[PDB]
$ cat run11.pdb   # PDB, C-alpha atoms
ATOM      1  CA  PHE A   1      -6.291  13.137  15.469  1.00  0.00           C
ATOM      2  CA  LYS A   2      -5.756  14.791  12.085  1.00  0.00           C
ATOM      3  CA  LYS A   3      -2.223  15.341  13.334  1.00  0.00           C
ATOM      4  CA  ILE A   4      -1.712  11.572  13.419  1.00  0.00           C
ATOM      5  CA  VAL A   5      -3.518  10.909  10.112  1.00  0.00           C
ATOM      6  CA  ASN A   6      -1.362  13.412   8.196  1.00  0.00           C
ATOM      7  CA  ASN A   7       1.672  11.803   9.827  1.00  0.00           C
ATOM      8  CA  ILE A   8       0.973   8.215   8.785  1.00  0.00           C
ATOM      9  CA  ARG A   9       3.989   6.590   7.118  1.00  0.00           C
ATOM     10  CA  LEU A  10       4.769   3.014   5.989  1.00  0.00           C
ATOM     11  CA  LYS A  11       7.381   0.876   7.752  1.00  0.00           C
ATOM     12  CA  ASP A  12       7.121   3.323  10.626  1.00  0.00           C
ATOM     13  CA  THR A  13       3.493   3.575  11.694  1.00  0.00           C
ATOM     14  CA  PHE A  14       2.321   0.243  10.234  1.00  0.00           C
ATOM     15  CA  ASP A  15       3.187  -2.558   7.792  1.00  0.00           C
ATOM     16  CA  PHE A  16       1.419  -5.012   5.515  1.00  0.00           C
ATOM     17  CA  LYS A  17       1.731  -8.032   3.280  1.00  0.00           C
ATOM     18  CA  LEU A  18      -0.552  -9.791   0.853  1.00  0.00           C
ATOM     19  CA  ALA A  19      -1.862 -13.309   1.292  1.00  0.00           C
ATOM     20  CA  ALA A  20      -0.684 -13.809  -2.291  1.00  0.00           C
ATOM     21  CA  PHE A  21       2.956 -13.263  -1.416  1.00  0.00           C
ATOM     22  CA  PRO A  22       3.488 -13.978   2.308  1.00  0.00           C
ATOM     23  CA  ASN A  23       7.238 -14.485   2.400  1.00  0.00           C
ATOM     24  CA  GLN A  24       8.250 -11.471   0.349  1.00  0.00           C
ATOM     25  CA  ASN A  25       9.023  -7.918   1.400  1.00  0.00           C
ATOM     26  CA  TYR A  26       8.052  -4.715  -0.387  1.00  0.00           C
ATOM     27  CA  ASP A  27      11.290  -4.582  -2.415  1.00  0.00           C
ATOM     28  CA  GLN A  28      10.520  -7.892  -4.128  1.00  0.00           C
ATOM     29  CA  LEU A  29       7.086  -7.024  -5.526  1.00  0.00           C
ATOM     30  CA  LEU A  30       6.431  -4.955  -8.635  1.00  0.00           C
ATOM     31  CA  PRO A  31       3.687  -2.329  -8.205  1.00  0.00           C
ATOM     32  CA  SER A  32       1.841  -4.471 -10.779  1.00  0.00           C
ATOM     33  CA  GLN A  33       1.893  -7.603  -8.627  1.00  0.00           C
ATOM     34  CA  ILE A  34       0.400  -5.858  -5.613  1.00  0.00           C
ATOM     35  CA  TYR A  35      -2.150  -4.069  -7.772  1.00  0.00           C
ATOM     36  CA  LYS A  36      -3.429  -7.355  -9.206  1.00  0.00           C
ATOM     37  CA  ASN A  37      -3.214  -9.506  -6.134  1.00  0.00           C
ATOM     38  CA  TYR A  38      -4.338  -7.597  -3.066  1.00  0.00           C
ATOM     39  CA  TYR A  39      -7.787  -8.902  -3.899  1.00  0.00           C
ATOM     40  CA  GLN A  40      -6.499 -12.072  -2.270  1.00  0.00           C
ATOM     41  CA  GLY A  41      -6.094 -10.324   1.036  1.00  0.00           C
ATOM     42  CA  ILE A  42      -4.172  -7.653   2.892  1.00  0.00           C
ATOM     43  CA  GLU A  43      -2.911  -8.144   6.441  1.00  0.00           C
ATOM     44  CA  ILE A  44      -2.037  -5.154   8.590  1.00  0.00           C
ATOM     45  CA  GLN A  45       0.436  -5.038  11.445  1.00  0.00           C
ATOM     46  CA  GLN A  46       0.117  -1.697  13.186  1.00  0.00           C
ATOM     47  CA  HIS A  47       2.906  -0.628  15.556  1.00  0.00           C
ATOM     48  CA  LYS A  48       1.703   2.887  16.420  1.00  0.00           C
ATOM     49  CA  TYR A  49      -1.401   4.504  17.899  1.00  0.00           C
ATOM     50  CA  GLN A  50      -3.359   1.283  18.205  1.00  0.00           C
ATOM     51  CA  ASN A  51      -5.360   2.712  21.085  1.00  0.00           C
ATOM     52  CA  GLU A  52      -6.288   5.771  19.075  1.00  0.00           C
ATOM     53  CA  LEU A  53      -6.169   4.584  15.476  1.00  0.00           C
ATOM     54  CA  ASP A  54      -6.975   1.662  13.206  1.00  0.00           C
ATOM     55  CA  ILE A  55      -5.396   1.564   9.751  1.00  0.00           C
ATOM     56  CA  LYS A  56      -6.722  -0.396   6.815  1.00  0.00           C
ATOM     57  CA  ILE A  57      -5.582  -0.584   3.215  1.00  0.00           C
ATOM     58  CA  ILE A  58      -8.664  -0.766   1.037  1.00  0.00           C
ATOM     59  CA  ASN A  59      -7.053  -0.170  -2.339  1.00  0.00           C
ATOM     60  CA  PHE A  60      -3.815   0.119  -4.223  1.00  0.00           C
ATOM     61  CA  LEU A  61      -3.864   2.488  -7.178  1.00  0.00           C
ATOM     62  CA  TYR A  62      -1.145   3.243  -9.706  1.00  0.00           C
ATOM     63  CA  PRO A  63       0.213   6.663  -8.858  1.00  0.00           C
ATOM     64  CA  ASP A  64      -0.439   7.509 -12.506  1.00  0.00           C
ATOM     65  CA  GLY A  65      -3.087   5.123 -13.744  1.00  0.00           C
ATOM     66  CA  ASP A  66      -0.799   2.768 -15.685  1.00  0.00           C
ATOM     67  CA  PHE A  67       1.531  -0.013 -14.576  1.00  0.00           C
ATOM     68  CA  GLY A  68       4.514   1.101 -16.670  1.00  0.00           C
ATOM     69  CA  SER A  69       5.061   4.220 -14.589  1.00  0.00           C
ATOM     70  CA  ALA A  70       4.465   2.536 -11.241  1.00  0.00           C
ATOM     71  CA  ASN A  71       6.961  -0.173 -12.212  1.00  0.00           C
ATOM     72  CA  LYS A  72       9.580   2.325 -13.422  1.00  0.00           C
ATOM     73  CA  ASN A  73       9.523   3.973  -9.998  1.00  0.00           C
ATOM     74  CA  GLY A  74       8.724   1.157  -7.623  1.00  0.00           C
ATOM     75  CA  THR A  75       5.850   3.288  -6.385  1.00  0.00           C
ATOM     76  CA  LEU A  76       2.197   2.685  -5.471  1.00  0.00           C
ATOM     77  CA  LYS A  77      -0.762   4.675  -4.261  1.00  0.00           C
ATOM     78  CA  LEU A  78      -2.294   3.325  -1.096  1.00  0.00           C
ATOM     79  CA  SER A  79      -5.952   4.114  -0.482  1.00  0.00           C
ATOM     80  CA  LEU A  80      -6.274   4.123   3.306  1.00  0.00           C
ATOM     81  CA  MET A  81      -9.412   4.000   5.494  1.00  0.00           C
ATOM     82  CA  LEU A  82      -8.447   5.422   8.902  1.00  0.00           C
ATOM     83  CA  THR A  83     -10.755   4.865  11.910  1.00  0.00           C
ATOM     84  CA  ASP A  84     -10.672   7.088  15.034  1.00  0.00           C
ATOM     85  CA  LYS A  85     -11.055   4.763  18.035  1.00  0.00           C
ATOM     86  CA  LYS A  86     -12.556   7.550  20.152  1.00  0.00           C
ATOM     87  CA  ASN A  87     -15.744   8.284  18.186  1.00  0.00           C
ATOM     88  CA  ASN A  88     -15.313   5.666  15.484  1.00  0.00           C
ATOM     89  CA  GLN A  89     -15.373   8.374  12.837  1.00  0.00           C
ATOM     90  CA  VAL A  90     -14.002   7.076   9.547  1.00  0.00           C
ATOM     91  CA  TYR A  91     -11.424   9.071   7.552  1.00  0.00           C
ATOM     92  CA  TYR A  92      -9.684   8.488   4.230  1.00  0.00           C
ATOM     93  CA  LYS A  93      -6.252   9.222   2.870  1.00  0.00           C
ATOM     94  CA  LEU A  94      -4.217   8.507  -0.238  1.00  0.00           C
ATOM     95  CA  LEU A  95      -0.683   7.690   0.841  1.00  0.00           C
ATOM     96  CA  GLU A  96       1.823   7.527  -1.989  1.00  0.00           C
ATOM     97  CA  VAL A  97       4.774   5.279  -1.232  1.00  0.00           C
ATOM     98  CA  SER A  98       7.884   4.209  -3.137  1.00  0.00           C
ATOM     99  CA  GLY A  99      10.630   1.675  -2.629  1.00  0.00           C
ATOM    100  CA  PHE A 100       8.879  -1.289  -4.254  1.00  0.00           C
ATOM    101  CA  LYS A 101      10.522  -3.540  -6.849  1.00  0.00           C
ATOM    102  CA  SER A 102      11.233  -1.913 -10.191  1.00  0.00           C
ATOM    103  CA  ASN A 103      12.909  -2.374 -13.568  1.00  0.00           C
ATOM    104  CA  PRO A 104      13.829   0.435 -15.979  1.00  0.00           C
ATOM    105  CA  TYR A 105      11.407  -0.483 -18.797  1.00  0.00           C
ATOM    106  CA  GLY A 106       8.284  -0.784 -16.664  1.00  0.00           C
ATOM    107  CA  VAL A 107       7.968  -4.350 -17.912  1.00  0.00           C
ATOM    108  CA  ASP A 108       5.983  -6.406 -15.377  1.00  0.00           C
ATOM    109  CA  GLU A 109       6.544  -9.710 -13.586  1.00  0.00           C
ATOM    110  CA  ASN A 110       5.219 -11.453 -16.732  1.00  0.00           C
ATOM    111  CA  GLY A 111       7.499  -9.686 -19.221  1.00  0.00           C
ATOM    112  CA  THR A 112       4.661  -7.638 -20.756  1.00  0.00           C
ATOM    113  CA  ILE A 113       5.979  -4.280 -22.062  1.00  0.00           C
ATOM    114  CA  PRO A 114       4.062  -1.074 -21.054  1.00  0.00           C
ATOM    115  CA  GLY A 115       1.133  -0.295 -23.366  1.00  0.00           C
ATOM    116  CA  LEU A 116       2.829  -1.889 -26.356  1.00  0.00           C
TER     117      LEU A 116
END
$ encode --input "run11.pdb" --output "C-alpha coordinates"
Amino acid sequence: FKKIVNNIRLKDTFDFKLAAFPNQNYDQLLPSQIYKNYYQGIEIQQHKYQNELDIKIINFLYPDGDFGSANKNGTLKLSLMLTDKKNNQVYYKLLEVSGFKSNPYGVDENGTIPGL
(Lines of atoms letter the chains of each structure in order from A and count residues from 1; the text may use other names and numbers.)
(Lines give C-alpha, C1' and ligand atoms only; values in the text may rest on other atoms or scores of the structure.)
Protein backbone atom coordinates (compact mmCIF):
# COMPACT_ATOMS: atom_id res chain seq x y z
CA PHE A 1 0.00 0.00 0.00
CA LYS A 2 2.86 2.38 0.80
CA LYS A 3 3.99 1.60 -2.73
CA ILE A 4 0.82 3.23 -4.07
CA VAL A 5 0.89 6.16 -1.61
CA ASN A 6 4.46 7.13 -2.55
CA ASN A 7 3.41 6.86 -6.19
CA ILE A 8 0.43 9.22 -6.04
CA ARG A 9 0.57 11.88 -8.76
CA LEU A 10 -1.90 14.55 -9.97
CA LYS A 11 -3.59 14.32 -13.37
CA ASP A 12 -2.59 10.67 -13.38
CA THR A 13 -3.90 9.04 -10.22
CA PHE A 14 -6.65 11.58 -9.46
CA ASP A 15 -7.93 15.09 -10.21
CA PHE A 16 -9.80 17.89 -8.47
CA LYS A 17 -11.52 21.23 -8.82
CA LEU A 18 -12.89 23.78 -6.40
CA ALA A 19 -16.54 24.69 -6.07
CA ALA A 20 -15.29 28.28 -6.30
CA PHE A 21 -13.99 27.85 -9.82
CA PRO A 22 -15.81 24.93 -11.50
CA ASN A 23 -15.11 25.67 -15.15
CA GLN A 24 -11.40 26.35 -14.87
CA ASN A 25 -8.44 24.01 -15.10
CA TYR A 26 -5.28 24.07 -12.99
CA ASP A 27 -3.40 26.33 -15.43
CA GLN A 28 -5.91 29.15 -14.97
CA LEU A 29 -5.72 29.47 -11.18
CA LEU A 30 -2.97 31.24 -9.25
CA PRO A 31 -1.69 29.28 -6.23
CA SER A 32 -3.20 32.20 -4.26
CA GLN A 33 -6.72 31.64 -5.59
CA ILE A 34 -6.77 27.98 -4.64
CA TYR A 35 -5.21 28.72 -1.27
CA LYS A 36 -7.96 31.20 -0.40
CA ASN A 37 -10.90 29.43 -1.92
CA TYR A 38 -10.71 25.71 -1.29
CA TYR A 39 -12.63 26.46 1.88
CA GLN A 40 -15.60 26.58 -0.48
CA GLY A 41 -15.16 22.96 -1.38
CA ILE A 42 -12.90 20.46 -3.10
CA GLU A 43 -14.24 17.73 -5.37
CA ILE A 44 -12.14 14.67 -6.12
CA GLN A 45 -12.31 12.48 -9.19
CA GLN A 46 -10.13 9.44 -8.64
CA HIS A 47 -9.19 7.32 -11.66
CA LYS A 48 -6.81 4.85 -10.00
CA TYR A 49 -6.91 2.34 -7.15
CA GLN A 50 -10.46 3.14 -6.11
CA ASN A 51 -10.90 -0.35 -4.72
CA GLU A 52 -7.77 -0.03 -2.62
CA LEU A 53 -7.45 3.70 -2.00
CA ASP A 54 -9.43 6.84 -1.27
CA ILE A 55 -7.74 10.21 -1.81
CA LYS A 56 -8.80 13.45 -0.20
CA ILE A 57 -7.28 16.91 -0.31
CA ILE A 58 -7.61 18.43 3.13
CA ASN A 59 -5.34 21.43 2.68
CA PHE A 60 -3.37 23.49 0.24
CA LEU A 61 -0.23 25.09 1.62
CA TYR A 62 2.22 27.44 -0.06
CA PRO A 63 5.33 25.44 -0.81
CA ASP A 64 7.20 28.21 0.99
CA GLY A 65 4.74 29.91 3.28
CA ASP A 66 4.11 33.02 1.15
CA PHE A 67 2.00 33.60 -1.94
CA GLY A 68 4.68 35.46 -3.91
CA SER A 69 6.82 32.35 -4.31
CA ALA A 70 3.93 30.01 -5.05
CA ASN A 71 2.70 32.44 -7.71
CA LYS A 72 6.15 32.86 -9.28
CA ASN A 73 6.32 29.10 -9.80
CA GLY A 74 2.73 28.07 -10.33
CA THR A 75 3.24 25.59 -7.51
CA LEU A 76 1.22 24.46 -4.48
CA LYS A 77 1.59 22.05 -1.61
CA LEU A 78 -1.24 19.58 -1.34
CA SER A 79 -1.92 18.11 2.09
CA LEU A 80 -3.41 14.69 1.35
CA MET A 81 -5.31 12.30 3.65
CA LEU A 82 -5.01 8.81 2.12
CA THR A 83 -7.33 6.01 3.33
CA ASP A 84 -6.51 2.29 2.89
CA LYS A 85 -9.77 0.57 1.91
CA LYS A 86 -8.58 -2.75 3.34
CA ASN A 87 -8.22 -1.83 7.03
CA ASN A 88 -9.38 1.76 6.79
CA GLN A 89 -6.06 2.94 8.17
CA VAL A 90 -5.55 6.64 7.51
CA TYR A 91 -2.26 7.96 6.09
CA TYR A 92 -1.00 11.44 5.24
CA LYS A 93 1.22 12.88 2.57
CA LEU A 94 2.38 16.28 1.36
CA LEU A 95 2.38 16.24 -2.42
CA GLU A 96 4.06 19.22 -4.02
CA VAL A 97 2.74 19.99 -7.49
CA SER A 98 3.49 22.64 -10.11
CA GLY A 99 1.94 23.72 -13.38
CA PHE A 100 -0.60 26.16 -11.94
CA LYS A 101 -1.10 29.69 -13.26
CA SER A 102 1.78 32.08 -12.65
CA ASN A 103 3.14 35.54 -13.39
CA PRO A 104 6.78 36.62 -12.97
CA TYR A 105 6.25 39.13 -10.13
CA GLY A 106 4.22 36.87 -7.86
CA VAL A 107 1.46 39.46 -8.00
CA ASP A 108 -1.90 37.78 -7.30
CA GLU A 109 -5.27 37.70 -9.05
CA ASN A 110 -6.06 41.03 -7.32
CA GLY A 111 -2.88 42.85 -8.38
CA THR A 112 -1.41 42.87 -4.85
CA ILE A 113 2.42 42.80 -4.99
CA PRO A 114 4.25 40.22 -2.76
CA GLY A 115 4.86 41.47 0.79
CA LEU A 116 5.10 45.08 -0.33
$ atom_distance --input "run11.pdb" --atom1 "atom CA of residue A:76" --atom2 "atom CA of residue A:1"
24.9 Å
$ resolve_selection --input "run11.pdb" --expression "the PyMOL selection byres ((chain A and resi 44-50) around 9)" --output "ChimeraX atom specification"
/A:4,12-17,42-43,51-57,85
$ resolve_selection --input "run11.pdb" --expression "the PyMOL selection byres ((chain A and resi 79) around 12)" --output "PyMOL selection string"
chain A and resi 35+55-63+76-78+80-82+91-97
$ closest_residue --input "run11.pdb" --among "A:3, A:105, A:32, A:11" --to "residue A:65" --atoms "all atoms listed in the file"
A:32
$ atom_distance --input "run11.pdb" --atom1 "atom CA of residue A:67" --atom2 "atom CA of residue A:21"
18.7 Å
$ atom_distance --input "run11.pdb" --atom1 "atom CA of residue A:109" --atom2 "atom CA of residue A:26"
14.2 Å
$ residues_around --input "run11.pdb" --residues "stretch 110-113 of chain A" --least-positions-apart "5" --cutoff "12 Å" --atoms "only C-alpha atoms" --output "list in words"
residues 30, 32, 33, 66, 67, 68, 69, 71, 72, 103, 104 and 105 of chain A
$ closest_residue --input "run11.pdb" --among "A:101, A:37, A:70, A:116" --to "residue A:25" --atoms "only C-alpha atoms"
A:101
$ resolve_selection --input "run11.pdb" --expression "the PyMOL selection byres ((chain A and resi 19) around 6)" --output "ChimeraX atom specification"
/A:18,20-22,40-41
$ write_last_selection --input "run11.pdb" --atoms "C-alpha atoms" --output "short mmCIF file (atom, residue, chain, number, x, y, z; two decimals), keeping the file's coordinate frame"
data_model
loop_
_atom_site.label_atom_id
_atom_site.label_comp_id
_atom_site.auth_asym_id
_atom_site.auth_seq_id
_atom_site.Cartn_x
_atom_site.Cartn_y
_atom_site.Cartn_z
CA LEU A 18 -0.55 -9.79 0.85
CA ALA A 20 -0.68 -13.81 -2.29
CA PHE A 21 2.96 -13.26 -1.42
CA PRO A 22 3.49 -13.98 2.31
CA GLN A 40 -6.50 -12.07 -2.27
CA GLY A 41 -6.09 -10.32 1.04
#
$ closest_residue --input "run11.pdb" --among "A:90, A:23, A:64, A:36" --to "residue A:108" --atoms "all atoms listed in the file"
A:36
$ residues_around --input "run11.pdb" --residues "residue A:27" --least-positions-apart "6" --cutoff "9 Å" --atoms "all atoms listed in the file" --output "list in words"
residues 74, 99, 100, 101 and 102 of chain A
$ build_atoms --input "run11.pdb" --residues "stretch 92-106 of chain A" --atoms "N, CA and C atoms" --output "PDB file, in the frame of the given file"
ATOM      1  N   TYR A  92     -10.390   9.089   5.354  1.00  0.00           N
ATOM      2  CA  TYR A  92      -9.684   8.488   4.230  1.00  0.00           C
ATOM      3  C   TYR A  92      -8.449   9.267   3.821  1.00  0.00           C
ATOM      4  N   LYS A  93      -7.461   8.557   3.303  1.00  0.00           N
ATOM      5  CA  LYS A  93      -6.252   9.222   2.870  1.00  0.00           C
ATOM      6  C   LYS A  93      -5.567   8.420   1.792  1.00  0.00           C
ATOM      7  N   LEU A  94      -4.961   9.131   0.846  1.00  0.00           N
ATOM      8  CA  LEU A  94      -4.217   8.507  -0.238  1.00  0.00           C
ATOM      9  C   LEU A  94      -2.743   8.689   0.101  1.00  0.00           C
ATOM     10  N   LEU A  95      -2.092   7.605   0.499  1.00  0.00           N
ATOM     11  CA  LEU A  95      -0.683   7.690   0.841  1.00  0.00           C
ATOM     12  C   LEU A  95       0.161   7.113  -0.282  1.00  0.00           C
ATOM     13  N   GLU A  96       0.953   7.972  -0.914  1.00  0.00           N
ATOM     14  CA  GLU A  96       1.823   7.527  -1.989  1.00  0.00           C
ATOM     15  C   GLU A  96       3.122   7.035  -1.371  1.00  0.00           C
ATOM     16  N   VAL A  97       3.539   5.839  -1.758  1.00  0.00           N
ATOM     17  CA  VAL A  97       4.774   5.279  -1.232  1.00  0.00           C
ATOM     18  C   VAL A  97       5.644   4.681  -2.344  1.00  0.00           C
ATOM     19  N   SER A  98       6.955   4.742  -2.152  1.00  0.00           N
ATOM     20  CA  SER A  98       7.884   4.209  -3.137  1.00  0.00           C
ATOM     21  C   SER A  98       8.743   3.141  -2.483  1.00  0.00           C
ATOM     22  N   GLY A  99       9.762   2.682  -3.201  1.00  0.00           N
ATOM     23  CA  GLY A  99      10.630   1.675  -2.629  1.00  0.00           C
ATOM     24  C   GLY A  99      10.213   0.244  -2.875  1.00  0.00           C
ATOM     25  N   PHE A 100       9.344   0.046  -3.862  1.00  0.00           N
ATOM     26  CA  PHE A 100       8.879  -1.289  -4.254  1.00  0.00           C
ATOM     27  C   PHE A 100       9.790  -1.736  -5.394  1.00  0.00           C
ATOM     28  N   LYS A 101       9.692  -3.006  -5.773  1.00  0.00           N
ATOM     29  CA  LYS A 101      10.522  -3.540  -6.849  1.00  0.00           C
ATOM     30  C   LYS A 101      10.324  -2.703  -8.105  1.00  0.00           C
ATOM     31  N   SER A 102      11.325  -2.695  -8.976  1.00  0.00           N
ATOM     32  CA  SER A 102      11.233  -1.913 -10.191  1.00  0.00           C
ATOM     33  C   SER A 102      12.312  -2.261 -11.193  1.00  0.00           C
ATOM     34  N   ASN A 103      11.974  -2.136 -12.474  1.00  0.00           N
ATOM     35  CA  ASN A 103      12.909  -2.374 -13.568  1.00  0.00           C
ATOM     36  C   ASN A 103      12.852  -1.071 -14.359  1.00  0.00           C
ATOM     37  N   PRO A 104      13.843  -0.814 -15.216  1.00  0.00           N
ATOM     38  CA  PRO A 104      13.829   0.435 -15.979  1.00  0.00           C
ATOM     39  C   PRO A 104      12.865   0.575 -17.154  1.00  0.00           C
ATOM     40  N   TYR A 105      12.329  -0.537 -17.653  1.00  0.00           N
ATOM     41  CA  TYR A 105      11.407  -0.483 -18.797  1.00  0.00           C
ATOM     42  C   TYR A 105       9.934  -0.633 -18.415  1.00  0.00           C
ATOM     43  N   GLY A 106       9.654  -0.637 -17.116  1.00  0.00           N
ATOM     44  CA  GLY A 106       8.284  -0.784 -16.664  1.00  0.00           C
ATOM     45  C   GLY A 106       7.713  -2.166 -16.931  1.00  0.00           C
TER      46      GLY A 106
END
